[PDB]
Amino acid sequence: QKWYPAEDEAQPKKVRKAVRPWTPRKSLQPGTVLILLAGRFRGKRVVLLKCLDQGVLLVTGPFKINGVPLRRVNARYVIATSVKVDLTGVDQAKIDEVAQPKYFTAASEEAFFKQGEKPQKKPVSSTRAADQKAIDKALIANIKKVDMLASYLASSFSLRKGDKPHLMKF
Amino acid sequence: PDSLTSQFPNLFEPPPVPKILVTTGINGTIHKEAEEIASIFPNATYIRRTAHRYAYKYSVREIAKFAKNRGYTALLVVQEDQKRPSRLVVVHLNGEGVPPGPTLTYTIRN
Amino acid sequence: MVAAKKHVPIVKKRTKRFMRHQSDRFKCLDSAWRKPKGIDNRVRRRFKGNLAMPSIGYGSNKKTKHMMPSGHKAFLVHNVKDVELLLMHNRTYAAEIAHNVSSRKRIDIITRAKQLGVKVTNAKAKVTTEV
Amino acid sequence: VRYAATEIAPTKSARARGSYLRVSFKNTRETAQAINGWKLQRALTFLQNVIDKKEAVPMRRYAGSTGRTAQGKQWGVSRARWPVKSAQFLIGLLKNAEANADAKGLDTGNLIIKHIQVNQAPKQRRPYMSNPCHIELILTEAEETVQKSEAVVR
Amino acid sequence: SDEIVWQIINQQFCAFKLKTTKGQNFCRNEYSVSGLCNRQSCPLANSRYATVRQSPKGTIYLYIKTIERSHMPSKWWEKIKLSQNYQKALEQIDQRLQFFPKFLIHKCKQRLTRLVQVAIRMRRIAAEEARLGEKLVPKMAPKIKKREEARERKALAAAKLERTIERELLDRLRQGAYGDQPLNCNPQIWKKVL
RNA sequence: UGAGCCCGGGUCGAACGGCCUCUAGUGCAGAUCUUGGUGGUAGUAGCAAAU
RNA sequence: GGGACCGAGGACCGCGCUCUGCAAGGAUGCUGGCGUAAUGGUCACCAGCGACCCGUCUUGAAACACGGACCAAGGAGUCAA
RNA sequence: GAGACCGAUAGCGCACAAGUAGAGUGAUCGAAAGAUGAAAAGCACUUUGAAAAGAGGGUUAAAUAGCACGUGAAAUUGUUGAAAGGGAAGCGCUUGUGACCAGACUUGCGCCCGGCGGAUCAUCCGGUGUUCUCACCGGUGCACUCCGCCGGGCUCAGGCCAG
Ligand SMILES: [Zn+2]
């Protein structure tokens, strides 16, 4: 580079660890109803849209049923259930657009005078609001077809007396 | 006295309603003590100077220009030593077109 | 890349000192370690429930020996010319101003250390800031 | 950081000292601890009662089993004595501190014993040895709380 | 006798040595590429040597020692000005230190690199210090600190603040600084003033 | 690892430290150790001797 | 297929393999969190488990026996031929 | 006249009232004990009271240096604060609670554009020292080159702990 190496800091050995794709579990199919276990949406019943790279999953609520927007979650932080809602009619092109990793990642007088203040909660973007609506409109129509599926996705998972998860099936 | 009024015409007609900004030194740990100094003077607000350890270091000249522009009358800087307040710097910003005025620096002992 | 040189993790086998036997009960015995020489001393015989003994197995890694938690090695400076000896070693060593260095000489050491890019462990001893 | 509890202002506190007093150290410690934290007029009347054998001071730490009586019921102790010289020397230092308060401008009816302390003096070089004592005490006024006014809305 | 000098330097005495307890020894000699005392970097025990130094005016030079000007200590060093462009100065080391030990070439390039880096750092510190306007002043001397600790106790005794506040407060009650019907005092005590 | 060593805070007032060598009256828990100082016993025994 | 502990080394070199590079002479990739406190120290105390008072001397050994109220300073293989 | 000696429990028993104090019929035996401060400037005066004592007030750079006097350890003791204590405490490993204290990466380089100033830039001129080919001054300017500086834009780089 620009600088001759000023110290004895040695370059590392060539590491032979190649990045191979993550194979998900057989249960994690698109349309599978998931149960969120951690985060601020713990105990919520969501649906899975697409399985992304390196152990993360693309997830929507839909937002008009339970209140979870288009979010990413970790696969290991999710209980997968047996109920699968049809994805027919859902725009795959919009799913591919929101699957791009930059979609979720991203001194003056004013700088000094907001120091120590809690920054105001940002109102939702108009692009994210419209992208939610273009996905859920066919999802919700498919959801309404199956009896009691809409109320099931609105409700929250909870453990009761005698519920043993090592024998319970989801 | 005629000599003192001429050298310092802003201090010596009536002063306006005061407004006080209190800050500490750079990366201060005397926030509770600086809030007690701000409670001493009415119409005083405390703003921390640095806002996290690796943030922008603001100079007292810059803060004086800032508080002058946003309608303050004086700036108080509370220097620290061994996590105890040690020096009180009083900067008179004054008003309108006259420059920022005298800077009286004291030492807090007990 | 403005930090210490890249080093292995600092691992210390023991953090507790090796207290001398019966130093808790007698005020004339200091806590500095003395090897017990009695043929029936329980510390010397290595019974359980007793004080441990220093051994070479407790010795620290050579790549991490004499190294502060920041990753720099302590270097006692006495004047400005001691600081300039760390021009080539600003990431391996840190400047420690001695307890016998006066106030104004600490000013010149602190000013030179910032220019050279070496850490100072005692940078706020006899000094204060002026606006 | 933490800040220690500051001393009461010297305009509110009167001090008095006694150094190298030829009284038993152990008798003074029990007599001073009896009158600690009291009003000055209580302490003076109590010490004149110990001289007049009417009231007794408790022996707690340096308690040689010399006197048990009904005068221990006031303290809950079974050991109570009548140190005459310890009361005489402590009266003379309370009256010194009351005089110091009067010269300073204090309210002599509201003095309390904020602090009192007995320390060992150098041993008198005569096989038999005496046990003299140093005594210090600080007399302060009772705390006066003024009424706070109602806050203004604005 | 280059080795015989080194044996005396390493194992008997050297006025430039600084022995630290941290597993390394330092050379205080100003004509050494690294601060460390070893066989490669001791300029006294190497008849052929190179060193990069920086002048007070800001110029970086390269110094050359040969076996011929060894008995003449005033003429030990050939001083060659190094270019301000970083690449031409690195090349100027390579042409001038040609057919030298590669330790000397490699450490002179490092010494050139650190000297330029410090100079850029020196200009960034001075620009920020000028903007900040803050300087480190020494704290109080222990004689002065004991002086005003002694005179503050005497001034606090002389001040008698609580009686001074009381005297001033009742003084402003008399002159009518609070006006007729004062909000500071209750009415039946204001009647006692007149 | 350790014997130990460095720094901070307070006190304090006139000299001291690192390296390499030389030197020795050179490292303490014991010796019913020596000298000094100080405890519990104990405000106890008892007011004998001494003071 | 499920779980745990571990990542020593630091340009290339060697043996190989499924050969446009690989799991082949030792962990990389991605994401997040961290300064009115991430993380430590010392003290006091609680808790589980552990754990005879040191030295000397006798003896196969324990057990006796001698010394130890406490602290500071001194204190014992030296120098000559 | 000196010292690779000792530095007030040491060095002569004696740094000072030391063969003194003191003991023994007597011959003889024989100690302990140095340091205010640069200078007494050794606390005038007011005020408790019987004292080798205080509270004010003053001297001094300093009186927590006041003829108990440089520094002022430990044993031992008082006050204040915190915690604990059902016939031992103390100690080892490992948490936890509370109190106090500390503060983690020094937290940066490289490109692009425009302006400005310098030179180690001109086959520019004069001078000085020199290892005799290298340095350092002074005056020229900005065709080229290279440094900085200011105002933008951009890049990557990083310390610890997790998933
Ligand atoms: Zn060397």
# chains A, B, ... in the order shown; residues from 1 in each chain; ligands from 1

$ closest_atom_pairs --of "chain E" --to "chain A" --cutoff "12 Å" --atoms "only C-alpha atoms" --output "CSV"
residue,atom,partner,partner_atom,distance
E:33,CA,A:6,CA,12.0
E:34,CA,A:7,CA,10.7
E:85,CA,A:2,CA,11.8
E:86,CA,A:3,CA,8.8
E:87,CA,A:2,CA,8.9
E:89,CA,A:4,CA,11.6
E:90,CA,A:4,CA,8.8
E:91,CA,A:4,CA,11.8
E:105,CA,A:4,CA,11.9
E:106,CA,A:4,CA,9.4
E:107,CA,A:6,CA,8.4
E:108,CA,A:6,CA,9.9
E:109,CA,A:4,CA,7.1
E:110,CA,A:6,CA,4.6
E:111,CA,A:6,CA,7.4
E:112,CA,A:6,CA,8.7
E:113,CA,A:6,CA,6.1
E:114,CA,A:6,CA,6.3
E:115,CA,A:6,CA,9.9
E:116,CA,A:3,CA,10.0
E:117,CA,A:3,CA,9.3
E:118,CA,A:6,CA,11.7

$ residues_near_ligand --ligand "ligand 1" --cutoff "7 Å" --atoms "only C-alpha atoms (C1' of nucleotides) and all ligand atoms" --output "ChimeraX atom specification"
/E:9-10,14,16-17,27,37-38,42

$ residues_around --residues "residue 82 (chain D)" --least-positions-apart "2" --cutoff "8 Å" --atoms "only C-alpha atoms (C1' of nucleotides)" --output "list in words"
residues 50, 51, 53, 55, 56, 57, 80 and 84 of chain D

$ atom_distance --atom1 "CA of residue 47 (chain A)" --atom2 "CA of residue 147 (chain A)"
16.4 Å

$ interface_residues --of "chain C" --to "chain F" --cutoff "6 Å" --atoms "only C-alpha atoms (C1' of nucleotides)" --output "short mmCIF file (atom, residue, chain, number, x, y, z; two decimals) with N, CA, C and O atoms, in the first residue's frame"
data_model
loop_
_atom_site.label_atom_id
_atom_site.label_comp_id
_atom_site.auth_asym_id
_atom_site.auth_seq_id
_atom_site.Cartn_x
_atom_site.Cartn_y
_atom_site.Cartn_z
N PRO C 54 3.86 -21.11 45.17
CA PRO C 54 4.33 -20.69 43.85
C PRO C 54 5.15 -21.78 43.19
O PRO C 54 5.95 -22.46 43.83
N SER C 55 4.94 -21.93 41.88
CA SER C 55 5.68 -22.89 41.08
C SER C 55 5.82 -22.32 39.68
O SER C 55 5.13 -21.36 39.32
N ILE C 56 6.71 -22.92 38.90
CA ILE C 56 6.94 -22.44 37.54
C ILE C 56 5.78 -22.75 36.61
O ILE C 56 5.70 -22.19 35.52
N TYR C 58 2.75 -21.88 37.14
CA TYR C 58 1.89 -20.70 37.13
C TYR C 58 2.41 -19.62 36.19
O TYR C 58 1.72 -18.61 36.00
N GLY C 59 3.60 -19.79 35.62
CA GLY C 59 4.22 -18.80 34.76
C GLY C 59 3.43 -18.44 33.53
O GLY C 59 2.78 -19.29 32.92
#

$ interface_residues --of "chain B" --to "chain D" --cutoff "10 Å" --atoms "only C-alpha atoms" --output "PyMOL selection string"
chain B and resi 29-30+32-33+82-84

$ residues_around --residues "residue 82 (chain E)" --least-positions-apart "2" --cutoff "7 Å" --atoms "only C-alpha atoms (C1' of nucleotides)" --output "PyMOL selection string"
chain E and resi 60-62+80+84+89+92

$ closest_residue --among "D:65, D:120, D:11, D:6" --to "chain E" --atoms "only C-alpha atoms"
D:11

$ interface_residues --of "chain E" --to "chain F" --cutoff "8 Å" --atoms "only C-alpha atoms (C1' of nucleotides)" --output "list in words"
residues 12, 13, 17, 18 and 19 of chain E

$ interface_residues --of "chain A" --to "chain H" --cutoff "12 Å" --atoms "only C-alpha atoms (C1' of nucleotides)" --output "PyMOL selection string"
chain A and resi 1-3+54-56+73-77

$ select_by_dssp --residues "region 29-99 of chain D" --states "strand (DSSP E)" --output "ChimeraX atom specification"
/D:57-58,80-81

$ write_last_selection --atoms "C-alpha atoms" --output "mmCIF file, in the first residue's frame"
data_model
loop_
_atom_site.group_PDB
_atom_site.id
_atom_site.type_symbol
_atom_site.label_atom_id
_atom_site.label_comp_id
_atom_site.auth_asym_id
_atom_site.auth_seq_id
_atom_site.Cartn_x
_atom_site.Cartn_y
_atom_site.Cartn_z
ATOM 1 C CA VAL D 57 -23.373 6.321 85.265
ATOM 2 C CA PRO D 58 -23.253 2.956 83.456
ATOM 3 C CA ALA D 80 -23.440 1.378 87.825
ATOM 4 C CA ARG D 81 -20.882 3.417 89.759
#

$ interface_residues --of "chain C" --to "chain H" --cutoff "6 Å" --atoms "only C-alpha atoms (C1' of nucleotides)" --output "VMD selection string"
chain C and resid 1 3 49 to 50 119

$ residues_around --residues "region 95-99 of chain H" --least-positions-apart "2" --cutoff "10 Å" --atoms "only C-alpha atoms (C1' of nucleotides)" --output "count of residues only"
8

$ interface_residues --of "chain D" --to "chain E" --cutoff "12 Å" --atoms "only C-alpha atoms" --output "list in words"
residues 8, 9, 10, 11, 12, 13, 104, 105, 106, 148 and 149 of chain D

$ write_last_selection --atoms "C-alpha atoms" --output "PDB file, in the first residue's frame"
ATOM      1  CA  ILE D   8     -21.196  22.088  61.363  1.00  0.00           C
ATOM      2  CA  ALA D   9     -20.289  25.735  60.809  1.00  0.00           C
ATOM      3  CA  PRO D  10     -17.960  27.229  63.469  1.00  0.00           C
ATOM      4  CA  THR D  11     -20.574  29.930  64.086  1.00  0.00           C
ATOM      5  CA  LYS D  12     -22.796  27.121  65.413  1.00  0.00           C
ATOM      6  CA  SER D  13     -20.222  24.990  67.264  1.00  0.00           C
ATOM      7  CA  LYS D 104     -19.134  33.527  70.480  1.00  0.00           C
ATOM      8  CA  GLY D 105     -22.810  34.500  70.547  1.00  0.00           C
ATOM      9  CA  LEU D 106     -24.669  31.207  70.863  1.00  0.00           C
ATOM     10  CA  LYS D 148     -40.268  26.414  52.796  1.00  0.00           C
ATOM     11  CA  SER D 149     -42.732  28.569  50.772  1.00  0.00           C
TER      12      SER D 149
END

$ closest_atom_pairs --of "chain B" --to "chain E" --cutoff "8 Å" --atoms "only C-alpha atoms" --output "tab-separated table"
residue	atom	partner	partner_atom	distance
B:57	CA	E:132	CA	7.7
B:58	CA	E:132	CA	7.0
B:59	CA	E:132	CA	4.7
B:60	CA	E:132	CA	7.5

$ write_last_selection --atoms "N, CA and C atoms" --output "mmCIF file, in the first residue's frame"
data_model
loop_
_atom_site.group_PDB
_atom_site.id
_atom_site.type_symbol
_atom_site.label_atom_id
_atom_site.label_comp_id
_atom_site.auth_asym_id
_atom_site.auth_seq_id
_atom_site.Cartn_x
_atom_site.Cartn_y
_atom_site.Cartn_z
ATOM 1 N N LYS B 57 -14.806 17.050 20.006
ATOM 2 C CA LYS B 57 -14.374 17.893 21.114
ATOM 3 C C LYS B 57 -14.646 19.349 20.758
ATOM 4 N N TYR B 58 -15.554 19.974 21.495
ATOM 5 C CA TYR B 58 -15.973 21.339 21.225
ATOM 6 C C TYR B 58 -15.167 22.310 22.074
ATOM 7 N N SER B 59 -14.753 23.415 21.468
ATOM 8 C CA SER B 59 -13.992 24.436 22.168
ATOM 9 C C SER B 59 -14.936 25.463 22.776
ATOM 10 N N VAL B 60 -14.457 26.136 23.825
ATOM 11 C CA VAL B 60 -15.278 27.109 24.539
ATOM 12 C C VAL B 60 -15.601 28.306 23.655
#

$ atom_distance --atom1 "CA of residue 141 (chain E)" --atom2 "CA of residue 77 (chain B)"
23.7 Å

$ closest_atom_pairs --of "chain C" --to "chain B" --cutoff "8 Å" --atoms "only C-alpha atoms" --output "JSON lines"
{"residue": "C:128", "atom": "CA", "partner": "B:81", "partner_atom": "CA", "distance": 7.4}
{"residue": "C:129", "atom": "CA", "partner": "B:79", "partner_atom": "CA", "distance": 7.9}
{"residue": "C:131", "atom": "CA", "partner": "B:60", "partner_atom": "CA", "distance": 7.7}

$ write_last_selection --atoms "N, CA, C and O atoms" --output "PDB file, in the first residue's frame"
ATOM      1  N   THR C 128      -3.141  20.172  35.149  1.00  0.00           N
ATOM      2  CA  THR C 128      -4.539  20.541  34.996  1.00  0.00           C
ATOM      3  C   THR C 128      -4.685  21.360  33.724  1.00  0.00           C
ATOM      4  O   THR C 128      -3.703  21.868  33.176  1.00  0.00           O
ATOM      5  N   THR C 129      -5.921  21.480  33.255  1.00  0.00           N
ATOM      6  CA  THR C 129      -6.199  22.116  31.976  1.00  0.00           C
ATOM      7  C   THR C 129      -6.614  23.567  32.175  1.00  0.00           C
ATOM      8  O   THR C 129      -7.304  23.904  33.140  1.00  0.00           O
ATOM      9  N   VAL C 131      -8.241  27.028  30.084  1.00  0.00           N
ATOM     10  CA  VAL C 131      -8.963  27.468  28.899  1.00  0.00           C
ATOM     11  C   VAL C 131      -8.550  28.887  28.527  1.00  0.00           C
ATOM     12  O   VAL C 131      -7.495  29.098  27.929  1.00  0.00           O
TER      13      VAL C 131
END
